[PDB]
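Residue numbering restarts at 1 for every chain, and letters A, B, ... go by the order of the sequence lines. Just so you know, ligand 1 is whichever comes first in the structure, and atom 1 is the first atom listed for that ligand. The analysis underlying the following values was restricted to heavy atoms, covering all of them including side chains, and did not include hydrogens, waters or symmetry mates.
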Protein chains: 4
Amino acid sequence: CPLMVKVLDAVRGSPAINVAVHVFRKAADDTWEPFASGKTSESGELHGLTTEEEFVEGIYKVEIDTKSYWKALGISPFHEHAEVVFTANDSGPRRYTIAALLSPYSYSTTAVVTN
Amino acid sequence: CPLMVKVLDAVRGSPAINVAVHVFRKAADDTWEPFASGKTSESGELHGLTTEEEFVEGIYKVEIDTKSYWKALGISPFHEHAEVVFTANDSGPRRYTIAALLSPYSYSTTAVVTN
Amino acid sequence: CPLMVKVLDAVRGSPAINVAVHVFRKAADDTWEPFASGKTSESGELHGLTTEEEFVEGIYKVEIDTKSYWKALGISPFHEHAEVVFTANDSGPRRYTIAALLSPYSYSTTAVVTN
Amino acid sequence: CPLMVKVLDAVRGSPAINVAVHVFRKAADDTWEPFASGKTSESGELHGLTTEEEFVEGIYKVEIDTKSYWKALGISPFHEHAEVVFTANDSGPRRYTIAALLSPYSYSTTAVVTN
Ligand SMILES: O=c1c(-c2ccc(O)cc2)coc2cc(O)cc(O)c12
Ligand SMILES: O=c1c(-c2ccc(O)cc2)coc2cc(O)cc(O)c12
């Protein structure tokens, strides 16, 4: 698992469950092309998006459908989604955890990069 | 003024109005002594807590009554308050803005230090 | 003004000065069209992006060039930028403050919506 | 494990390792009495602070020594520490994760409450 996504809910104090997540990689004509997707589990985690072989250096976008999440809970949200855009670099072996903390009118995102 | 507190509500996307704020200063005997207090305004800001003459070097505590805020909106929050503890003016007089962003189960705090 | 952007540096405890900000609006053909741009001031604020006449209903994107900011301070950051995407003015004209708090491997964004 | 603490570093994009954490419970004379402590592991986590039998309803404080952490990395910090103060309540079976995201001049904390 070179890439994992974890989503938390700051209103309820819980994992954010069944949140749709899409991953894109930047193409040479500088358009975004779909790469991987899924929904967060009961622990708010999304595992198995990609493999070591496929996850090469490049520019990636992780888009989290926060609007549909808040809509399901009956709470008015501000953002259309949360986008996280980064360059993946080989130095040594790497694992990426993209964590997002969600509120209706705010979100925070951090990258935890290990190995 | 040397010390200002600004509080935001991450659920409503608004200033957090009428929030109680209590400031304490550490004495020589290592106890917390009452220093200043007030309520946030319509803009979520609290000005005029202290003066340049009064705000000497020391360790200060700013305690924001987040629990009473959430409860008056019908929400039972996780935290009792948001507490910020810091050493002030140790390389000379500065101006401090203490900002807090509030959610029922989470908060962030930042300091902007100038001059 | 209808739209203001404020950027803070969580490492230095200061406004984030000279930060590039680009605003886009979604067209009928679903592409992003350039709307407005500017640089944050000494206070980390960007005022005067648009007017009440120009800032109609739609989906907007605010892209903050966080990478160039960190690089000029000698830090190689994780994210390419901080991107905020939202529907504006759909229940009538409002005033929007978009705040971003920056760290090399993390950022938070909040909206304060009034009037 | 009814109570776990997890600490992240927003400057380096990593677990915050070897951070001292102290837990207190509020006594009837309203003084803070030490309860449990330890240091975060290589994954930034602190497990085994207490047991189901000992962790009764009450008011608790978790104090994270953020200042010593930043000092070890050679970076000037603002806060003396991060304090998280909450009421533990029995409803159904509960697990508490107190997560903290650290920057030199800012911190965020969230509670993830499960089972
Ligand atoms: O710090 C903030 C924040 C802010 C943003 C993100 C956070 O995590 C915390 C506070 C929001 O609006 C402001 C508005 C201000 O006028 C001054 C500020 O310092 C802030
Ligand atoms: O809460 C977080 C955060 C996190 C993210 C943003 C914040 O503002 C605060 C914490 C990051 O990684 C985690 C990773 C975890 O396994 C559990 C968590 O609760 C978190």
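- Relative ring orientation between A:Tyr107 and C:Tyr107 is described as perpendicular, the plane-to-plane angle rising above 60° on a 0-90° scale split at 30° and 60°.
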Evaluate the criterion salt bridge (charged side-chain N to carboxylate O under 4.0 Å, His left out) for residue pair D:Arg25 and D:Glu57; output intermediate values, then yes/no. CA-CA 10 Å; D:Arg25 189 179 183 269; D:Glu57 295 190 309; over 6 Å; no
Below 3.5 Å, can you tabulate the donor-acceptor pairs from side chains in residues 12-23 of chain B to any protein atom, sequence neighbours excluded?
{"from": "B:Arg12", "atom 1": "NH1", "to": "B:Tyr69", "atom 2": "OH", "distance (Å)": "3.2"}

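- Interface of C:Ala99 with ligand 1, defined as ligand atoms under 4.0 Å from a residue heavy atom, comprises 11 (C), 12 (O).
- Scanning the protein for heavy atoms near atom 18 (C) of ligand 2, the closest one is A:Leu8 CD1, 3.5 Å.
- Taking every non-hydrogen atom of D:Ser108 and a distance limit under 4.0 Å, the qualifying atoms of ligand 2 come out as 7 (C), 8 (O), 9 (C).
- Closest approach of B:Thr66 to B:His79, counting heavy atoms only: OG1-O, 4.3 Å.
- Scanning all protein heavy atoms for the shortest distance to atom 5 (C) of ligand 2 gives A:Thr110 OG1, 3.9 Å.
- Selection from C:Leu101, C:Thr109, C:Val112 by nearest heavy atom to atom 8 (O) of ligand 1 gives C:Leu101.
- Of the protein's non-hydrogen atoms, B:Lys6 NZ, 2.9 Å is the one closest to atom 16 (O) of ligand 1.
- Between C:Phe86 and C:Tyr96, the ring centre distance stays below 6.0 Å.
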